[PDB]
Ligand SMILES: O=C(O)CNC(=O)C(=O)O
Ligand SMILES: [Mg+2]
Ligand code: NI
Ligand SMILES: [Zn+2]
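In my numbering, the protein residues as written are 35 to 365.
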């Protein structure tokens, strides 16, 4: 078995190997990359996402989210308070202001320490989940807006035609902006490209050990666990690396820098934070190996998790027993 310890692997594809996306995901899996739940892909030196980022200030963040924490430093939940719209230009200025800027620090390790120590006492503002793309239309390789769709994957594998579309999303982050512990909708893969700015630190649990995270989460968020048998789908819970280590949960961490891709694999729980002003683009995708995970994915039916239009068909085809209950939670 390749990568039995479930370490996060880092890949350096050549320009030749960067031509066929599907083939390269399959190659990574042949090397055991999926065991970690997360991989990093450094693009070949000849590749570029776009020519410059000079003209992005006019993108609108229609609903910036202020991330307000409750709990203790290592075990907290966060809720999103909607703020008034602002442009990327305005957001970047806000990120760099004395109230929100990255503090002085020695290295990534020191900054991580300051994150887990102090995150709960601040409420950073995240421009998340903005439909759109920053890839140049002429970028042919690993262009997240030109991937084969999940609907076409399901059709190719299962022979059923379904409605739905699959498009990327932009994330504008600042110091301490946080993504809570989650897997993807229907335990899909995700791919995330850090277009510009400061880094993003990631924590991941190997898919083979995801249920150990869930069990600990039920213990740490006992009211939430009573409200819903899949409350991590709400994407509100944070658990620090110190807490995970105390409770023997296997995990890994890695920091993503501008110009790098991360791939999350089916049922790879991940969480993390941004180091300072940045812009990422991410999209879900599927492979044939995903199908069995989609059939087994937990679902939130309490009403909180509320997701896209396109998830309907996935639940309807892959999880027909669950469909009625799940849809009641959507409606
Ligand atoms: O970048 C973020 O805020 C969150 N991204 C992801 O969870 C992902 O790409 O799967
Ligand atoms: Mg613009
Ligand atoms: Ni994710
Ligand atoms: Zn729920």
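Ideal Cβ placement from N, Cα and C applies to all residues, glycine included.
query                                                                                                 : result
Three-pair Cβ contact test at 8 angstroms for the stretch 285–292 versus the stretch 111–123          : no
Check: residue 154 C-beta below 7 angstroms from any heavy atom of ligand 2                           : no
CB contact flag (residue 228, residue 293, <8 angstroms)                                              : yes
For residue 270 and residue 111, believed in contact at Cβ under 8 angstroms, the rounded distance    : 5 angstroms
Beta bridge counterpart(s) of residue 355 as assigned by DSSP                                         : Note: residue 355 sits in no beta bridge, so no partner.
Option nearest residue 115 by Cα separation, candidates 127, 100, 46, 319                             : 100
Contact belief for residue 79 with residue 173 at Cβ below 8 angstroms, rounded distance in angstroms : About 15 angstroms separates the two Cβ atoms, so there is no contact after all.
For residue 266 and residue 258, the rounded distance between their alpha carbons                     : 9 angstroms
Any non-hydrogen atom of ligand 3 closer than 7 angstroms to residue 248 Cβ                           : no
Closer than 8 angstroms to chain D by CB, residue 41                                                  : Of the protein chains in the structure, only one exists, and it is not chain D.
Residue 95 CB to nearest heavy atom of ligand 2 below 7 angstroms                                     : no
Ligand 4 site residues, beta-carbon cut 5 angstroms against heavy atoms                               : 262, 334, 336, 338
Alpha-carbon spacing of residue 89 relative to residue 154, whole angstroms                           : 34 angstroms
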